[PDB]
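Data first, discussion second: the structure below is written as structure tokens.
Both backbone and side-chain heavy atoms feed into the values below; hydrogens, waters and symmetry mates do not. Along the sequence shown, residues carry numbers from 1. Counting starts at 1 for both ligands and their atoms, following the listed order.
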Amino acid sequence: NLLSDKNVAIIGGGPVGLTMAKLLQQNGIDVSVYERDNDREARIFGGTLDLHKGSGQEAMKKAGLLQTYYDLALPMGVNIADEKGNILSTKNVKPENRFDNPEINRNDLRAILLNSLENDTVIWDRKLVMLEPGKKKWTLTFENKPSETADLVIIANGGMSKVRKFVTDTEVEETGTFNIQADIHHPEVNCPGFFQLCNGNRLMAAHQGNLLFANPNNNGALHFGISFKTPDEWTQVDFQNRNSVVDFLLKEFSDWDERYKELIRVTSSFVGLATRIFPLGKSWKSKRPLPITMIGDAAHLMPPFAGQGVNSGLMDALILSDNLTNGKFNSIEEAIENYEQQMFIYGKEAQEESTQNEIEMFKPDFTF
Ligand SMILES: Cc1cc2c(cc1C)N(C[C@H](O)[C@H](O)[C@H](O)COP(=O)(O)OP(=O)(O)OC[C@H]1O[C@@H](n3cnc4c(N)ncnc43)[C@H](O)[C@@H]1O)c1[nH]c(=O)[nH]c(=O)c1N2
Ligand SMILES: CN1CCN(CCCN2c3ccccc3Sc3ccc(C(F)(F)F)cc32)CC1
């Protein structure tokens, strides 16, 4: 009843926005996703995602996609190593826990979600640049493309979103840590020592404030990340110049075993990213001119040290879609308010845990 003869615009087709769209569409809602990516073949850079029972997996189950996820996800164990390459502990996944949070490639998750939507639900090459509330509909302005209208706008376009001001004046913050990520293709050949160290498990190591994480099998590539407190001199490293990054990393990792150094020396290109947070604090704006809200990283971007990132976003989509379709609310505004009040609770909890882990993980003495 709330959305009958109305349409919904979701801004951003990340995992959270696409899940949003599926959950609305399967209830007969007219919904479009506007995604800035030029088309669906653009690869998504990054590590794997794990969906949790009761949150991310509950969104997939409601959508009819839980088995689809299971079929493309891998449970993976964890090895903790020290800087010398000694395995300090090894924890494999017991078979009764194979469904707790198996890891899925981000492109596979995207494909699962896109395949679940009706044709032309996602409108590619649509970068939203501005919103304007009319008498009853939002007008959406896109970069060099014709405008569109919607009764309800859901901001789902990630942590650096510039279209949040109708919802909140909160600004994204840097937390003081920095991340460098890279993929190694054919790792069994190109970083064989480190690949054997992982031994089919994820690997984590920490030494003198420098952290290293690796997944040796993300659809055949090894993905790794290195994190550290942002240096005071900084960004004096040009991530377009691999020689500049290799030089910086080899100094920081000078005391690490050569299996780690070879990882750095053979990487083709590096991606640098300051850690950021979009902090939940005082309430969002009340009495907005037309119905609008935010989900996912746009709502509560958070340091990736607690593993709660995408799962809290998928809970947003589950809660918001239920409120918009369960027939219990007298207005779209009230369904939104109910979602936001719930999400401020679990969102603040996740953000606190992420921020606490971050403080603790970068203390000079930290051990996993
Ligand atoms: C290094 C690192 C490591 C991890 C993680 C992050 C980082 C940086 N995370 C966090 C997790 O990946 C994150 O929570 C999700 O990607 C959030 O998904 P969203 O769909 O909200 O945003 P996401 O950023 O994925 O999607 C936003 C979409 O909007 C599009 N877009 C942006 N601006 C637009 C515009 N103006 N108009 C239209 N479209 C626009 C983008 O192209 C993109 O498709 C994580 N999480 C987790 O659960 N487990 C983990 O292990 C990790 N690990
Ligand atoms: C158990 N689980 C606890 C929480 N996460 C936090 C690390 C997330 N992540 C990361 C974090 C900061 C900077 C870069 C990266 S890339 C990356 C690569 C592999 C793994 C890896 F190791 F998971 F495969 C994890 C990460 C680590 C593993």
Side-chain angles (χ1 to χ4, degrees), residues 9-21 33-38 40 42 44-52 55-56 76-81 91 101 103-104 106 109-110 113 122-131 140-143 145 154-164 177-183 198 201-206 211-218 222-228 271-276 278 294-317 350 353-354 357-358 361-362 368:
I10 298 173
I11 313 307
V16 178
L18 296 178
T19 299
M20 210 54 229
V33 175
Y34 298 97
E35 164 60 48
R36 59 166 181 206
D37 285 351
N38 158 76
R40 49 161 323 159
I44 298 164
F45 176 79
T48 52
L49 289 171
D50 58 306
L51 304 191
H52 299 161
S55 54
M76 290 183 75
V78 188
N79 292 348
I80 293 104
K91 162 199 99 42
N101 50 336
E103 302 279 348
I104 188 169
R106 294 176 180 259
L109 181 57
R110 177 172 242 185
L113 295 168
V122 181
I123 318 294
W124 302 88
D125 194 13
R126 289 294 184 283
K127 176 182 336 178
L128 184 78
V129 300
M130 101 130 5
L131 284 167
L140 281 64
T141 300
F142 304 98
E143 216 173 51
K145 297 288 171 291
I154 300 176
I155 305 297
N157 68 306
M160 302 301 287
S161 178
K162 302 166 208 23
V163 286
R164 306 161 138 141
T177 58
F178 199 95
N179 313 288
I180 301 180
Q181 294 170 264
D183 291 321
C198 297
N201 279 0
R202 297 162 306 170
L203 188 144
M204 302 175 329
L211 272 36
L212 188 137
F213 315 93
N215 178 339
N217 183 24
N218 183 16
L222 184 148
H223 181 83
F224 72 100
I226 292 166
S227 318
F228 44 87
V271 181
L273 183 59
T275 306
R276 293 190 170 95
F278 188 77
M294 326 184 308
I295 58 176
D297 277 11
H300 46 61
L301 173 66
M302 103 172 60
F305 302 116
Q308 299 270 24
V310 79
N311 280 284
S312 61
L314 295 173
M315 182 81 93
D316 303 338
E353 179 181 352
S354 305
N357 290 7
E358 188 183 32
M361 266 162 108
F362 287 93
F368 286 101

Do any nitrogen or oxygen atoms of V16 lie less than 3.5 angstrom from nitrogen or oxygen atoms of ligand 1?
-> yes
Specify side chain, backbone, both or neither for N215, according to which of its non-hydrogen atoms lie closer than 4.0 Å to ligand 2.
-> both
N38 and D125 side chains, donor-acceptor separation under 3.5 Å | no
For atom 22 (O) of ligand 1, state which one of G313, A299, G158, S312 supplies the nearest heavy atom.
-> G158
Option of least heavy-atom distance to atom 12 (O) of ligand 1 (set: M302, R106, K162) = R106
With only distance considered, is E35 within less than 3.5 Å of ligand 1 through an N or O on each side?
-> yes
Could you see which bit of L49 sits under 4.0 Å from ligand 1, with heavy atoms only: side chain, backbone, both or neither?
-> side chain
State whether the shortest distance between N or O atoms of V310 and N or O atoms of ligand 1 falls below 3.5 angstrom.
-> yes
Identity and separation of the nearest protein heavy atom to atom 25 (C) of ligand 2 = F213 CB, 3.5 Å
With a 4.0 Å heavy-atom cut-off (strictly under), which part of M204 contacts ligand 2: side chain, backbone, both or neither?
-> side chain
Number the atoms of ligand 1 from 1 as they appear, then name those within less than 4.0 Å of a heavy atom of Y34, with their elements.
-> 38 (C), 39 (N)
Kindly assign one of parallel, tilted or perpendicular to the pair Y34 and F142, based on the angle between their ring planes and the thresholds 30° and 60°.
-> tilted
Which is it for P304 and ligand 1 at heavy atoms under 4.0 Å: side chain, backbone, both or neither?
-> side chain
Is a donor on one side and an acceptor on the other found under 3.5 Å between the side chain of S161 and the backbone of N157?
-> no
Minimum non-hydrogen distance to atom 31 (N) of ligand 1, winning option of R36, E143, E103 | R36
